[PDB]
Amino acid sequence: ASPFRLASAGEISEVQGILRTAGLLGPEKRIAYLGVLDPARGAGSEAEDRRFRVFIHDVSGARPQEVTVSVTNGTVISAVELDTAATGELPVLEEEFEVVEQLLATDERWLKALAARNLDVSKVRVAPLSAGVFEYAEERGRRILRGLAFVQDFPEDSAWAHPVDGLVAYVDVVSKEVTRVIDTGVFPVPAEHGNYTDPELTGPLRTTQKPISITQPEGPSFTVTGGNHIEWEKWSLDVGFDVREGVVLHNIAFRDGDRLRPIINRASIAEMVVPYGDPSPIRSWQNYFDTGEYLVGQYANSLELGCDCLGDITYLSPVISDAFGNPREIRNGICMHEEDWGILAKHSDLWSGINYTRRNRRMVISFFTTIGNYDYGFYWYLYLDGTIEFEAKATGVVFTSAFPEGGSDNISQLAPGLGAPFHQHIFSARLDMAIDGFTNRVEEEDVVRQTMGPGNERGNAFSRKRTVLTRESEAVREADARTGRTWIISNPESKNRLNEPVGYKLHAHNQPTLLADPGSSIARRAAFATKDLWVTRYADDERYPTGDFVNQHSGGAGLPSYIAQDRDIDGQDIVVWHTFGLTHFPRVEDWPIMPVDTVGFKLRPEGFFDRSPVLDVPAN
């Protein structure tokens, strides 16, 4: 009955039927995106209407469409033709990936380039990459992918070990034309293999690791109701899944005595960009918007018990649409479990004689996605003490190139002749805040150093200052680790027992933001990534920091255009957008498969409760 329930296979089948009957899903059409729309603000009328948003691509070159459907009523609500030269192309389709390699295999220029390198075309894999927007006027309004080549010596070989540098091609995937083949010169193809399951590379496997057995003899402490509603240790939330964003958390609330207190209305990773920092023309266009261009949810892994998720695991299997509107289940795509998390609180008191220890735990909600060579884990954590944390885990195989003789300022060497270009992995968390309700504000908190003198005669005092962000034009903020800068989201109309506004503090990791020149194409298309924190006034249609149609969009859409409205955010329905990421200079230890590295953020209560919220945790 809950409006936040996961999409069912029956809903998706109904959407397909509604589109087909309306004449919108002929044999030339493909569904590039399908997802449920969240309820609009003020849904306290119970008048549920399950609506789906659909992007429809046409493989014959006709204009694509954006369509909204009500499965409750069985009707098309609206259908708009899209001018993609203006508003951006649709996300890349899984079926377009294979088109690139097949088209290049019959192009005379491509074959001549491979022949010069004595490579068998049957052994050459082509990575199909998003194109971005650069200097090529003929690409405006066309669906382009760019291809980079790797050699696979045999069917089980890791092609990433054998990049074909000096060569790139551009492909129009609708007209099925190779527009350009660029050959800047022959580089040796690195010859060492990177097969991390080959015994010749691994050596004998270790026999020293003894089992760690994690079990829950009475079952887990959380309950799942209505398919996706979780209650755990005073937390309450709904676990959503969207094919673009992946796991989405709704209605995060905490049961404080007899009050269910809201904290976050919607939390998601709303974009993630991977920009490459190699100025070679073979790769200087390379920027992945994994969320906006590729849709990270549709490549979610099925997670295996004992290997991917260890312990007493509860799975969710979300349903998405394939390109024809058929429902597809991602079996065991989301893992949920609780974990011991060390000591929560401890004190041995000399005067009272009381020794006190309590243990912490966290609830984990995670999924893993694979986009070509990279694999990303998305982890949401809820702690007993009210802390909320996100962590991204980056692994997989690094993207490779030749390593030039005489070295490089922009590429690491991993093996003889094998390079890995510098790059970043940058995420945008969209936090639609609801601290004790929807009237919220953001304050920036800095440490304040004080000078020795009157009133501070021993020169020991220090303080802090808080600055309220009152309008969107002043709500674009940068980190300052040296001054301990954090941001507090508070509710000025809801006070704790000390008559202070209740709040939550955002703690960032203070990693570098986007490094590209501010005049670059990527800085314009990924403007969100140039600043650590943005605050906007909530609006139904302001969903992504990069806009709705990211693929081949010329720039400026999303957050820079939203904040130009300069709306009041002082005690209003607000959304916090936090940029955070990893700057990756690959090391030898990242090859041939990369150990996990992590980045994230957390929010901790700041006078939200009237005292510690974990006094009622038992001794265990």
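We call the rigid core the largest set of C-alpha positions that still match within 1.5 Å between the two forms. The first residue of the shown sequence is 1; numbering continues from there.
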- in 7 other deposited structures of this protein, with the rigid core superposed, the stretch whose C-alphas stray more from the shown form, 35 to 43 or 48 to 56, is 35 to 43
- Message: Do the Cα atoms of 555 to 563 or of 577 to 585 sit farther, on average, from the shown structure in 7 other deposited structures of this protein when the rigid core is superposed?
- Response: 555 to 563
- With B-factors read from the PDB entry, the higher C-alpha mean of 396 to 404 and 217 to 225 is in 217 to 225
- Query: Is the mean CA B factor in the deposited entry higher across 447 to 455 or across 375 to 383?
  - Reply: 447 to 455
- Message: Given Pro592, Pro595, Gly42, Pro560, identify the residue with the highest C-alpha B factor in the PDB entry.
- Response: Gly42
- Maximum C-alpha temperature factor, selected from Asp120, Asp532, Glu339, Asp349: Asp120
- Compare the C-alpha B factor of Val575 with those of the other modelled residues in its chain, then answer lowest, middle or highest third. lowest
- Item | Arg140 - which third its CA temperature factor falls in, relative to the rest of the chain | highest
- Message: Per the entry's values, where does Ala149 land by CA temperature factor relative to the rest of its chain, in the lowest, middle or highest third?
- Response: middle
- According to the PDB entry, is the CA B factor of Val173 in the bottom, middle or top third of its chain, that is, lowest, middle or highest? highest
- Message: Using the temperature factors of the C-alpha atoms in this entry, rank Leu418 within its chain: lowest, middle or highest third.
- Response: middle
